[PDB]
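Working notes, beginning with the structure itself.
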Protein chains: 2
Amino acid sequence: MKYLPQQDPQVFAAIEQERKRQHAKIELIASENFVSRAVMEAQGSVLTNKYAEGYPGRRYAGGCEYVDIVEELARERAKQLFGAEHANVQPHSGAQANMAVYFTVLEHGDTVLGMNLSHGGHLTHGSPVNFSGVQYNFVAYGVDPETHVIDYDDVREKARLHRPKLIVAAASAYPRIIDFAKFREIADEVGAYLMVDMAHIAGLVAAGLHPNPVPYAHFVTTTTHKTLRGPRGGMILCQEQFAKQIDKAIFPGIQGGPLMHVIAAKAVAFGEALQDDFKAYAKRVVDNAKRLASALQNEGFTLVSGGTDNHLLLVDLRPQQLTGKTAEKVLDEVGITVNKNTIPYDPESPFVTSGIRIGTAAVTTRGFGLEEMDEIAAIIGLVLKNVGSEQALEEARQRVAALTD
Amino acid sequence: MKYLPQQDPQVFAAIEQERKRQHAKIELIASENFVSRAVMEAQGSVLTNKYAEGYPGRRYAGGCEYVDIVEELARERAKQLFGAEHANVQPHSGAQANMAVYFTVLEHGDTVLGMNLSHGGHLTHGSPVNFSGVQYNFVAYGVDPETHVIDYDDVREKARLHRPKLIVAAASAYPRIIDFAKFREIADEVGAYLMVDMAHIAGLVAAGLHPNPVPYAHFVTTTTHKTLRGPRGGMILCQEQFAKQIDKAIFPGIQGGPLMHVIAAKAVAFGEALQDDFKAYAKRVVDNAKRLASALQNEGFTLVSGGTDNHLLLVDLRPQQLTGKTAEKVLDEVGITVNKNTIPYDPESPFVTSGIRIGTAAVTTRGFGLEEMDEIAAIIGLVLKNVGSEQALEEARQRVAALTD
Ligand SMILES: Cc1ncc(COP(=O)(O)O)c(CN[C@H](C(=O)O)[C@H](C)O)c1O
Ligand SMILES: Cc1ncc(COP(=O)(O)O)c(CN[C@H](C(=O)O)[C@H](C)O)c1O
């Protein structure tokens with residue numbers, strides 16, 4: 001940076017603190033990742049100056065000739081990446097991506113079937129304090145209380161009873177592979193649309209390490225910033241028959257002018273995702289997660305679903321008689337960044353929780369391998385089995401500092 | 001740029017084309033502006049990597065210590081700039097800023113009174129193809145058919161008849177000063193909340209060249225990218241009594257994780273707005289607009305409301321027997337960037353129109369003064385009075401190229 005340090009010393013100092021923080025800490029938040037310098041330069045471009053309401057070629061303002069190319073590059077690369085018939089790269093976020101689909105196929109008060117929020121489901125999948133639960137009549141399916149795997153007989157029973165117009169699959173904290181073939185089979189029986197929110201697994205889908213929902217779902221929403229390792233924003237993939245309706249839902253439906261500089265960075269992210277190295281990266285993410293899962297069990301930790309098939313895992317902290325809130329606080333003290341997360345059938349409130357969510361996407365980008373996963377798990381064991389001991393937490397700090405160069 | 005040209009030659013080439021376009025063309029789109037290099041560097045920072053769901057101090061993820069400072073800087077500077085009791089700098093856009101307020105004080109199907117869309121009102125103020133008109137029962141007030149100034153007796157009659165829960169003031173294409181004192185007086189009579197969408201006039205309000213809606217309105221929404229000359233995004237200002245409700249409406253209401261890198265750029269933009277030079281800048285914008293308005297009339301153009309009190313003007317093209325669509329196309333051919341815009345009581349559809357919207361905010365940032373405004377108006381006269389003549393359009397191209405160095 002050059003012009004910011006002179007103009008705004010206060011903001012620059014806080015950014016420099018954050019930059020140094022991201023290097024010093026062990027980042028294990030499942031939804032986070034580190035973007036390339038090419039992605040950041042695209043978001044720091046003059047493309048923020050342009051109003052490009054509408055779509056490539058069909059704009060409601062002149063001078064969009066070159067931002068049209070940018071958006072088309074983002075749209076075509078995403079279609080190439082996921083094998084989708086249509087792409088919309090204008091959603092400001094995953095929340096707005098989900099919102100636009102709901103706006104398309106649903107009237108106010110319609111019944112929608114989503115995943116239980118305390119079982120792994122997301123806020124936009126029917127939270128009564130979120131727009132989804134207020135605007136629509138959301139019913140929930142759950143996981144098996146023993147295995148923590150989606151009970152597909154329960155998805156079928158809930159769909160046949162409540163008769164939803166839409167079924168939502170996918171989650172924020174689900175460590176296993178989602179059977180999209182079964183979700184479509186259930187949706188076909190009850191005559192409902194199938195939406196898959198692949199936000200967390202998007203990068204793994206692109207690398208072919210998680211089944212692609214695209215052939216099975218009518219709508220596929222995602223964020224670009226999670227395992228896809230791109231800028232902060234949303235995307236909608238759909239079939240050509242819904243293309244016009246989805247486009248009208250984004251604009252003039254729920255949004256206005258798109259973020260052309262972010263869309264530029266999305267294109268850069270999709271470009272990087274198409275390369276062979278990203279497929280090797282994503283395999284390391286899954287390898288690292290399974291290694292970390294196995295190593296934490298070795299330390300004596302119970303895991304939700306008994307491991308992982310993807311990028312994330314959930315530690316059931318009930319055996320250690322610790323809340324997720326307590327674990328989040330003490331690991332923050334030693335330099336490990338996690339978040340408290342409700343486990344399926346949690347006896348604690350969503351603000352206290354009985355578990356912690358851990359992802360490997362961020363550390364894998366940094367260069368962390370199977371060896372580092374053993375150490376990370378060893379530090380977590382040292383901290384959570386000796387919460388009252390300050391000497392163990394000091395030992396943990398030094399071991400965290402050793403891993404981060 | 002350094003890492004982008006190597007990584008993505010296709011995207012970099014399109015960005016470089018856009019960068020050169022923004023310099024070569026005369027940008028007169030009323031909603032557009034040029035951001036400083038400090039604002040862009042903040043959007044190109046590592047702050048995109050952080051999930052900061054919630055608010056400063058009250059986050060739902062660890063490691064937010066430094067992005068909290070960033071958001072607080074953005075919030076406090078905006079409060080200092082506008083004299084507001086509470087600020088929310090998390091809205092992804094002006095559309096989401098408006099959406100959050102609607103989500104706060106309104107139930108589905110509630111009656112809301114906004115400005116007529118063909119008279120100057122915005123898409124989010126009750127368009128039947130926008131979320132606002134679908135989710136809520138929007139009624140409209142208009143302008144006087146002769147003077148094109150808001151008919152405040154009509155605002156009062158519509159409010160007393162339809163009994164709205166909310167009244168919306170402000171516009172996308174209104175060249176005059178809005179009397180917020182009268183809007184609150186009407187709202188108090190019918191027992192309705194007053195929302196002001198100052199998106200277009202935000203920078204002029206900050207410089208004290210347009211009356212501040214904050215003392216009169218319960219809610220004030222805005223975009224940061226128009227006359228405020230900041231990054232692409234939204235902001236909500238409100239009284240302390242609505243602070244908690246507005247915060248809950250953004251998250252977990254309608255959005256998810258905020259754009260911390262954009263919020264950083266908002267802080268930089270607000271910082272630049274507080275400086276004395278920005279107040280001088282904004283006065284030049286208004287001076288330039290009034291100069292351009294007077295000069296276009298001298299050329300024989302009829303203007304909506306007979307001039308301007310702000311940053312923008314509307315040319316009534318009916319005397320020249322030209323549509324806004326025709327004017328937009330031919331001016332694009334010579335390097336002048338405007339947009340077609342419906343005039344009050346337009347005989348043409350919103351896709352054809354009888355007028356063009358022109359703003360001075362962008363050209364003023366570049367260094368254009370009163371002299372350049374005379375020339376811009378002279379070129380517009382040459383083009384629109386000689387549409388069939390290619391020799392006049394070639395003359396116009398050279399005169400446009402002369403103004404842009
Ligand atoms: C599966 C899923 N869909 C949408 C979103 C929201 O995206 P955005 O923040 O851009 O609006 C999420 C967000 N996930 C968060 C996280 O994992 O930390 C949190 C659970 O909301 C999501 O997981
Ligand atoms: C008065 C007003 N409020 C909100 C918006 C939408 O903001 P965003 O694009 O960030 O969602 C606008 C947009 N204005 C556009 C323009 O002037 O070019 C257009 C009329 O929508 C607005 O004017």
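Ordering of the structure tokens sets the chain letters (A, B, ...); residue numbers start at 1 within each chain; ligands are numbered from 1 in the order shown.
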
request  = List all protein, DNA and RNA residues that have any atom at most 8 Å from ligand 2, counting only C-alpha atoms and all ligand atoms, and write the list as an MDAnalysis selection string.
outcome  = (chainID A and resid 51 53 61 255:258) or (chainID B and resid 29:32 92:98 121:124 170:173 197:200 221:223 225 232:234)

Dump as a compact mmCIF listing (two decimals), in the first residue's frame, selection limited to N, CA and C atoms:
```txt
# COMPACT_ATOMS: atom_id res chain seq x y z
N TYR A 51 -21.51 1.78 -12.56
CA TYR A 51 -22.85 1.25 -12.41
C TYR A 51 -23.19 0.37 -13.61
N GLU A 53 -26.02 -1.91 -13.78
CA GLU A 53 -27.34 -2.50 -13.53
C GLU A 53 -27.83 -3.25 -14.76
N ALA A 61 -27.39 1.24 -18.37
CA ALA A 61 -26.46 2.36 -18.38
C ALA A 61 -25.38 2.11 -19.42
N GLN A 255 -31.69 -6.84 -5.52
CA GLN A 255 -30.48 -6.02 -5.52
C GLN A 255 -30.60 -4.84 -6.48
N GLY A 256 -29.52 -4.08 -6.61
CA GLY A 256 -29.43 -2.98 -7.57
C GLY A 256 -28.20 -3.16 -8.43
N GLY A 257 -27.31 -2.18 -8.38
CA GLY A 257 -26.03 -2.25 -9.08
C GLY A 257 -25.13 -3.30 -8.45
N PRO A 258 -24.55 -4.19 -9.29
CA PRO A 258 -23.63 -5.22 -8.81
C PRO A 258 -22.25 -4.66 -8.46
N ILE B 29 -23.04 10.20 -15.67
CA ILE B 29 -24.04 9.41 -14.95
C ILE B 29 -24.10 9.91 -13.50
N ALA B 30 -25.29 10.39 -13.12
CA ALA B 30 -25.51 11.09 -11.85
C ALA B 30 -25.14 10.29 -10.59
N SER B 31 -25.19 8.96 -10.69
CA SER B 31 -24.92 8.09 -9.56
C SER B 31 -23.47 7.63 -9.47
N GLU B 32 -22.66 8.02 -10.46
CA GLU B 32 -21.27 7.59 -10.52
C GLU B 32 -20.29 8.63 -10.00
N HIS B 92 -24.71 -4.23 2.22
CA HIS B 92 -23.94 -4.53 1.02
C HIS B 92 -24.19 -3.54 -0.11
N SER B 93 -25.34 -2.87 -0.04
CA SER B 93 -25.78 -1.94 -1.08
C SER B 93 -26.88 -1.04 -0.53
N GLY B 94 -27.28 -0.05 -1.34
CA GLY B 94 -28.42 0.80 -1.01
C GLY B 94 -29.73 0.04 -1.01
N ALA B 95 -29.82 -0.98 -1.87
CA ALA B 95 -30.99 -1.86 -1.93
C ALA B 95 -31.18 -2.64 -0.63
N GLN B 96 -30.08 -3.15 -0.08
CA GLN B 96 -30.10 -3.89 1.19
C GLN B 96 -30.25 -2.96 2.39
N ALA B 97 -29.78 -1.72 2.25
CA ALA B 97 -29.98 -0.69 3.27
C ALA B 97 -31.46 -0.37 3.42
N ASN B 98 -32.14 -0.18 2.29
CA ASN B 98 -33.58 0.04 2.26
C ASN B 98 -34.35 -1.19 2.73
N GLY B 121 -38.76 8.81 -8.29
CA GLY B 121 -38.59 7.76 -7.27
C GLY B 121 -37.70 6.61 -7.71
N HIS B 122 -37.17 5.88 -6.73
CA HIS B 122 -36.28 4.76 -7.01
C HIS B 122 -36.99 3.41 -7.05
N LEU B 123 -36.34 2.45 -7.71
CA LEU B 123 -36.80 1.07 -7.84
C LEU B 123 -37.18 0.42 -6.50
N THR B 124 -36.43 0.73 -5.45
CA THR B 124 -36.68 0.19 -4.11
C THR B 124 -37.74 0.98 -3.34
N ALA B 170 -37.11 11.01 -0.86
CA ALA B 170 -35.87 10.97 -1.65
C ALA B 170 -36.03 10.24 -2.99
N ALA B 171 -35.05 10.42 -3.88
CA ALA B 171 -35.21 10.04 -5.28
C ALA B 171 -33.90 9.70 -5.99
N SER B 172 -34.04 9.14 -7.20
CA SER B 172 -32.91 8.84 -8.07
C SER B 172 -32.71 9.91 -9.14
N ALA B 173 -33.77 10.65 -9.45
CA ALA B 173 -33.73 11.66 -10.50
C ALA B 173 -34.57 12.89 -10.16
N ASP B 197 -34.12 8.21 1.90
CA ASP B 197 -33.09 7.54 1.12
C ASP B 197 -32.20 8.59 0.45
N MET B 198 -31.24 9.13 1.21
CA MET B 198 -30.40 10.23 0.73
C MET B 198 -29.25 9.81 -0.21
N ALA B 199 -29.34 8.60 -0.76
CA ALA B 199 -28.26 8.00 -1.56
C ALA B 199 -27.59 8.95 -2.55
N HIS B 200 -28.39 9.70 -3.30
CA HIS B 200 -27.87 10.62 -4.31
C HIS B 200 -27.30 11.91 -3.73
N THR B 221 -31.41 6.05 5.06
CA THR B 221 -30.60 5.13 4.28
C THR B 221 -29.79 5.89 3.24
N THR B 222 -28.68 5.29 2.80
CA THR B 222 -27.84 5.88 1.77
C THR B 222 -26.91 4.87 1.12
N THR B 223 -26.40 5.23 -0.06
CA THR B 223 -25.28 4.53 -0.66
C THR B 223 -24.02 5.34 -0.37
N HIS B 225 -21.35 5.31 -2.51
CA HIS B 225 -20.61 5.44 -3.78
C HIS B 225 -21.01 6.60 -4.70
N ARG B 232 -18.51 1.03 -3.23
CA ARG B 232 -19.84 0.54 -3.55
C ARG B 232 -20.44 -0.24 -2.38
N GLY B 233 -21.48 0.34 -1.78
CA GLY B 233 -22.14 -0.26 -0.62
C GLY B 233 -23.23 0.62 -0.04
N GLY B 234 -23.82 0.18 1.08
CA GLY B 234 -24.91 0.90 1.72
C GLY B 234 -24.64 1.26 3.17
```

Write out as a compact mmCIF listing (two decimals) with N, CA and C atoms, in the first residue's frame the residues lying within 10 Å of residue 195 (chain A), counting only C-alpha atoms and excluding same-chain residues fewer than 5 positions away.
```
# COMPACT_ATOMS: atom_id res chain seq x y z
N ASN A 98 -29.23 -17.03 -1.75
CA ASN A 98 -30.37 -17.81 -1.25
C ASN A 98 -31.67 -17.02 -1.35
N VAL A 101 -33.22 -16.94 -4.98
CA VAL A 101 -33.88 -18.20 -5.33
C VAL A 101 -35.25 -18.29 -4.65
N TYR A 102 -35.30 -17.97 -3.36
CA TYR A 102 -36.57 -17.94 -2.62
C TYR A 102 -37.56 -16.98 -3.26
N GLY A 114 -35.99 -27.37 4.99
CA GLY A 114 -34.55 -27.20 5.11
C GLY A 114 -33.96 -28.04 6.23
N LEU A 166 -40.50 -26.04 -1.94
CA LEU A 166 -39.06 -26.11 -2.14
C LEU A 166 -38.38 -26.96 -1.06
N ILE A 167 -37.37 -27.72 -1.46
CA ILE A 167 -36.51 -28.43 -0.51
C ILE A 167 -35.09 -27.89 -0.61
N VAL A 168 -34.52 -27.55 0.54
CA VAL A 168 -33.15 -27.06 0.61
C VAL A 168 -32.24 -28.13 1.21
N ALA A 169 -31.14 -28.41 0.51
CA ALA A 169 -30.10 -29.30 1.01
C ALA A 169 -28.81 -28.51 1.19
N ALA A 170 -27.94 -29.01 2.07
CA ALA A 170 -26.63 -28.42 2.40
C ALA A 170 -26.61 -27.72 3.76
N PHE A 180 -27.29 -35.96 -2.90
CA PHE A 180 -28.18 -35.09 -3.68
C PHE A 180 -29.14 -35.89 -4.55
N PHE A 183 -32.08 -36.52 -2.33
CA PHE A 183 -32.83 -35.28 -2.15
C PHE A 183 -33.74 -34.96 -3.34
N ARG A 184 -33.25 -35.20 -4.55
CA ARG A 184 -34.04 -35.02 -5.77
C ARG A 184 -35.13 -36.09 -5.89
N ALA A 187 -37.82 -34.97 -3.59
CA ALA A 187 -38.44 -33.77 -4.17
C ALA A 187 -39.36 -34.09 -5.35
N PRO A 213 -23.93 -31.25 -7.09
CA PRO A 213 -25.38 -31.11 -6.97
C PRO A 213 -26.08 -30.64 -8.25
N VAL A 214 -25.31 -30.02 -9.15
CA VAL A 214 -25.84 -29.41 -10.38
C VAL A 214 -26.74 -30.32 -11.23
N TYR A 216 -28.52 -32.69 -10.24
CA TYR A 216 -29.66 -33.14 -9.42
C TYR A 216 -30.59 -32.01 -8.96
N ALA A 217 -30.04 -30.81 -8.82
CA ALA A 217 -30.79 -29.68 -8.29
C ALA A 217 -31.30 -28.74 -9.38
N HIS A 218 -32.45 -28.13 -9.12
CA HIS A 218 -32.99 -27.09 -9.99
C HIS A 218 -32.22 -25.79 -9.79
N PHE A 219 -31.82 -25.54 -8.55
CA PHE A 219 -31.05 -24.35 -8.19
C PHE A 219 -29.87 -24.74 -7.31
N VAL A 220 -28.72 -24.12 -7.56
CA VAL A 220 -27.54 -24.30 -6.73
C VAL A 220 -27.00 -22.93 -6.34
N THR A 221 -27.05 -22.63 -5.04
CA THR A 221 -26.46 -21.40 -4.51
C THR A 221 -25.12 -21.70 -3.87
N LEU A 237 -26.20 -20.89 -9.47
CA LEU A 237 -26.17 -21.76 -10.64
C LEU A 237 -27.55 -22.38 -10.81
N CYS A 238 -28.02 -22.47 -12.06
CA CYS A 238 -29.32 -23.06 -12.36
C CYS A 238 -29.42 -23.57 -13.80
```

ask   = Could you name the residues that touch residue 138 (chain A) at 9 Å or less, counting only C-alpha atoms, but leaving out those on the same chain fewer than 3 positions away, as a VMD selection string?
value = chain A and resid 109 to 114 125 to 128 132 to 134 164

key: Long-range neighbours of region 303-313 of chain A as an MDAnalysis selection string, 7 Å cut-off, only C-alpha atoms, 2 positions minimum in chain   = chainID A and resid 30 147:149 175:177 285:286 289:290 293 301 315:316 357:361

inquiry  = At a cut-off of 12 Å, using only C-alpha atoms, what residues contact residue 397 (chain B)? Leave out same-chain residues fewer than 5 positions from it and give the result as a VMD selection string.
reply    = chain B and resid 24 to 26 330 to 336 376 379 to 380 382 to 383 390 to 392 402 to 404

Would you mind listing what lies within 12 Å of residue 371 (chain B) as a compact mmCIF listing (two decimals) with N, CA, C and O atoms, in the first residue's frame, with only C-alpha atoms counted and same-chain residues fewer than 3 positions away left out?
```
# COMPACT_ATOMS: atom_id res chain seq x y z
N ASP B 287 -22.15 23.92 -7.98
CA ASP B 287 -21.86 25.06 -8.85
C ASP B 287 -21.79 24.64 -10.31
O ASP B 287 -22.34 25.32 -11.18
N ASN B 288 -21.12 23.52 -10.57
CA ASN B 288 -20.99 22.95 -11.91
C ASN B 288 -22.32 22.50 -12.50
O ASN B 288 -22.56 22.69 -13.70
N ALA B 289 -23.17 21.91 -11.67
CA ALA B 289 -24.49 21.44 -12.09
C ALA B 289 -25.39 22.60 -12.48
O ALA B 289 -26.08 22.54 -13.50
N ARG B 291 -24.27 25.56 -13.37
CA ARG B 291 -23.63 26.13 -14.55
C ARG B 291 -23.99 25.36 -15.81
O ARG B 291 -24.30 25.95 -16.85
N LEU B 292 -23.96 24.03 -15.71
CA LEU B 292 -24.33 23.14 -16.82
C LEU B 292 -25.81 23.26 -17.17
O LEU B 292 -26.18 23.24 -18.34
N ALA B 295 -26.29 26.59 -18.95
CA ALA B 295 -25.66 26.52 -20.27
C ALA B 295 -26.45 25.68 -21.27
O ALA B 295 -26.48 25.99 -22.46
N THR B 364 -16.37 16.63 -11.70
CA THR B 364 -15.85 17.56 -10.70
C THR B 364 -14.66 16.97 -9.94
O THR B 364 -13.71 17.69 -9.61
N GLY B 367 -11.57 17.40 -11.98
CA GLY B 367 -11.04 18.77 -12.00
C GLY B 367 -11.78 19.71 -12.92
O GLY B 367 -11.31 20.82 -13.20
N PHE B 368 -12.94 19.28 -13.40
CA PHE B 368 -13.77 20.08 -14.31
C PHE B 368 -14.43 21.24 -13.56
O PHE B 368 -15.02 21.05 -12.50
N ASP B 374 -19.59 24.72 -19.69
CA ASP B 374 -20.05 25.42 -20.90
C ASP B 374 -19.75 24.61 -22.16
O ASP B 374 -20.57 24.55 -23.07
N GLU B 375 -18.57 24.00 -22.19
CA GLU B 375 -18.13 23.19 -23.33
C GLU B 375 -18.94 21.89 -23.44
O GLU B 375 -19.40 21.54 -24.53
N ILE B 376 -19.11 21.19 -22.32
CA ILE B 376 -19.93 19.97 -22.26
C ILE B 376 -21.34 20.23 -22.79
O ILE B 376 -21.87 19.44 -23.57
N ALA B 377 -21.94 21.34 -22.36
CA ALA B 377 -23.26 21.75 -22.82
C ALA B 377 -23.27 22.11 -24.31
O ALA B 377 -24.25 21.84 -25.01
N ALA B 378 -22.18 22.71 -24.78
CA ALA B 378 -22.03 23.07 -26.19
C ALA B 378 -21.92 21.84 -27.09
O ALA B 378 -22.48 21.81 -28.19
N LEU B 403 -11.22 17.82 -23.97
CA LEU B 403 -11.55 18.02 -22.56
C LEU B 403 -10.90 16.99 -21.64
O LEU B 403 -10.57 17.30 -20.49
```

query = Which of these, A:72, A:395, A:348, A:8, has the shortest distance to chain B once you count only C-alpha atoms?
reply =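 With only C-alpha atoms as the atom set, the closest residue is A:8.
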